[PDB]
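Visitor: start_24.txt is the file, holding compact mmCIF, C-alpha atoms:
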# COMPACT_ATOMS: atom_id res chain seq x y z
CA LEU C 125 -5.88 2.98 -11.68
CA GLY C 126 -9.19 2.76 -13.53
CA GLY C 127 -10.40 -0.76 -12.90
CA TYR C 128 -9.27 -0.77 -9.28
CA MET C 129 -10.72 0.48 -5.99
CA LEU C 130 -9.32 2.99 -3.51
CA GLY C 131 -9.08 2.51 0.23
CA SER C 132 -8.98 5.67 2.34
CA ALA C 133 -6.28 6.29 4.95
CA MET C 134 -6.07 3.82 7.83
CA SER C 135 -2.69 3.65 9.56
CA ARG C 136 0.85 4.02 8.21
CA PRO C 137 2.43 0.54 8.68
CA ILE C 138 5.72 0.32 10.57
CA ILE C 139 8.66 -0.88 8.46
CA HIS C 140 12.29 -1.69 9.22
CA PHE C 141 14.89 -1.00 6.52
CA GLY C 142 18.51 -0.45 7.57
CA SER C 143 18.78 0.97 11.07
CA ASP C 144 17.71 3.92 13.23
CA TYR C 145 18.77 6.23 10.39
CA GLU C 146 16.16 4.94 7.93
CA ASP C 147 13.68 4.10 10.68
CA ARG C 148 13.53 7.70 11.91
CA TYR C 149 13.68 8.99 8.33
CA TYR C 150 10.48 7.25 7.25
CA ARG C 151 8.83 7.79 10.64
CA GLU C 152 9.40 11.54 10.22
CA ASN C 153 8.25 11.45 6.59
CA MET C 154 5.06 9.46 7.26
CA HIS C 155 3.09 12.69 6.87
CA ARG C 156 4.45 12.96 3.33
CA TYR C 157 3.91 9.25 2.70
CA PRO C 158 0.60 7.95 1.23
CA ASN C 159 -1.76 6.04 3.53
CA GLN C 160 -4.22 4.99 0.83
CA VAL C 161 -3.95 1.99 -1.50
CA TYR C 162 -5.71 0.57 -4.56
CA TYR C 163 -7.21 -2.92 -4.34
CA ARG C 164 -9.08 -5.03 -6.91
CA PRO C 165 -11.78 -7.74 -6.48
CA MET C 166 -10.67 -11.31 -5.82
CA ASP C 167 -10.38 -13.50 -8.92
CA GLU C 168 -9.69 -17.21 -9.50
CA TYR C 169 -7.72 -18.88 -6.70
CA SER C 170 -8.18 -16.27 -3.97
CA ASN C 171 -4.69 -15.50 -2.69
CA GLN C 172 -3.20 -12.69 -0.60
CA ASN C 173 0.06 -12.76 -2.57
CA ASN C 174 -1.50 -11.72 -5.89
CA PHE C 175 -3.94 -9.36 -4.18
CA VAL C 176 -1.25 -7.32 -2.42
CA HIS C 177 1.31 -7.63 -5.24
CA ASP C 178 -0.91 -5.99 -7.86
CA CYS C 179 -1.99 -3.48 -5.22
CA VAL C 180 1.57 -2.34 -4.45
CA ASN C 181 2.60 -1.48 -8.03
CA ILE C 182 -0.62 0.45 -8.72
CA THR C 183 -0.57 2.33 -5.41
CA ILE C 184 2.98 3.64 -5.89
CA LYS C 185 2.55 4.18 -9.63
CA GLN C 186 -0.57 6.21 -8.82
CA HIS C 187 0.75 8.48 -6.07
CA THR C 188 4.05 9.13 -7.86
CA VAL C 189 1.98 10.69 -10.65
CA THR C 190 -0.65 12.76 -8.80
CA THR C 191 0.78 13.15 -5.29
CA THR C 192 4.13 14.31 -6.69
CA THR C 193 2.23 16.98 -8.63
CA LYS C 194 -0.24 17.79 -5.85
CA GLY C 195 2.48 19.00 -3.50
CA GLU C 196 5.03 16.27 -2.81
CA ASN C 197 8.23 14.66 -4.08
CA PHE C 198 8.82 10.90 -4.21
CA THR C 199 12.43 10.02 -4.99
CA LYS C 200 14.30 6.71 -5.16
CA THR C 201 14.33 6.43 -1.37
CA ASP C 202 10.67 7.42 -1.23
CA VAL C 203 9.49 4.65 -3.56
CA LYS C 204 11.64 2.18 -1.63
CA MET C 205 9.81 2.71 1.66
CA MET C 206 6.54 3.17 -0.22
CA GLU C 207 6.93 -0.35 -1.61
CA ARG C 208 7.19 -1.82 1.89
CA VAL C 209 4.54 0.40 3.50
CA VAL C 210 2.05 -0.11 0.69
CA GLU C 211 2.57 -3.87 0.77
CA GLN C 212 1.32 -3.93 4.36
CA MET C 213 -1.56 -1.58 3.51
CA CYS C 214 -2.56 -3.98 0.74
CA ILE C 215 -2.82 -6.84 3.22
CA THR C 216 -5.10 -4.78 5.46
CA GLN C 217 -7.48 -4.24 2.54
CA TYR C 218 -7.15 -7.92 1.65
CA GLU C 219 -8.98 -8.84 4.84
CA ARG C 220 -11.50 -6.08 4.14
CA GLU C 221 -12.48 -7.68 0.83
CA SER C 222 -12.04 -11.20 2.20
CA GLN C 223 -14.68 -10.49 4.84
CA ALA C 224 -17.20 -9.55 2.14
CA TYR C 225 -16.14 -12.40 -0.15
CA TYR C 226 -16.40 -15.03 2.58
CA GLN C 227 -19.80 -13.74 3.72
CA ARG C 228 -20.94 -13.54 0.10
CA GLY C 229 -21.39 -17.30 0.13
CA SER C 230 -21.50 -19.56 -2.92
CA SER C 231 -22.62 -17.43 -5.87
Since I need it in another form, could you write the structure as structure tokens?
Guide:
Amino acid sequence: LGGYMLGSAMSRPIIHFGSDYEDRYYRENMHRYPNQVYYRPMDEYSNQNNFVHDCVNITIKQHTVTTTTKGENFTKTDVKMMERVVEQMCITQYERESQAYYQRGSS
């Protein structure tokens, strides 16, 4: 956080971990799971891999600090699903910035 941007809630991505046990666990904890991510402007060699990668670590590292002190509790299992759910959320924002970068033209 600091030199990044924040994207408001959109839609909690659907992830598949082990089986129905974990599936229903996360699905029932979506309300306690963050739906916002932190994305940064596109740099040299515009790629979705680097965009989402850097977005995942910051998003989880950010919520675990404030959200866990705002009225939540992210444990080992919480960060696990968060990693997968945030990764998808980062891709969504990737297209959001890619639409403005592609329309920006050659500047």
Visitor: Which residue, C:136, C:164, C:156, C:228, has the smallest gap to residue 198 in chain C when you use all atoms listed in the file?
Guide: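 With all atoms listed in the file as the atom set, the closest residue is C:156.
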Visitor: Within 12 Å of (-2.8, -8.2, -2.7) (coordinates as in the file), grab all the protein and nucleic acid residues, counting all atoms listed in the file, and write them out as a PyMOL selection string.
Guide: chain C and resi 128+161-167+170-183+210-222
Visitor: At a cut-off of 8 Å, can you tabulate as JSON lines every residue of range 162-222 of chain C near range 139-147 of chain C together with its closest atom pair and the distance in Å to one decimal, using all atoms listed in the file and ordering rows by chain then number?
Guide:
{"residue": "C:205", "atom": "CA", "partner": "C:139", "partner_atom": "CA", "distance": 7.8}
{"residue": "C:208", "atom": "CA", "partner": "C:139", "partner_atom": "CA", "distance": 6.8}
{"residue": "C:209", "atom": "CA", "partner": "C:139", "partner_atom": "CA", "distance": 6.6}
Visitor: Only C-alpha atoms, please: the residues just picked out, written as an mmCIF file, in the frame of the given file.
Guide:
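What ended up in again_21.cif:
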data_model
loop_
_atom_site.group_PDB
_atom_site.id
_atom_site.type_symbol
_atom_site.label_atom_id
_atom_site.label_comp_id
_atom_site.auth_asym_id
_atom_site.auth_seq_id
_atom_site.Cartn_x
_atom_site.Cartn_y
_atom_site.Cartn_z
ATOM 1 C CA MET C 205 9.810 2.710 1.660
ATOM 2 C CA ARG C 208 7.190 -1.820 1.890
ATOM 3 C CA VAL C 209 4.540 0.400 3.500
#
Visitor: Do you have the CA of residue 189 in chain C-CA of residue 150 in chain C distance handy?
Guide: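 Value for the CA of residue 189 in chain C-CA of residue 150 in chain C distance: 20.1 Å.
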Visitor: Rounded to one decimal, what separation in Å do you get between CA of residue 225 in chain C and CA of residue 159 in chain C?
Guide: 23.7 Å
Visitor: From (2.3, 10.9, -8.2), in the file's coordinates, out to 12 Å: which residues are reached, counting only C-alpha atoms? Answer as a ChimeraX atom specification.
Guide: /C:125,156-158,182-199,202-203,206
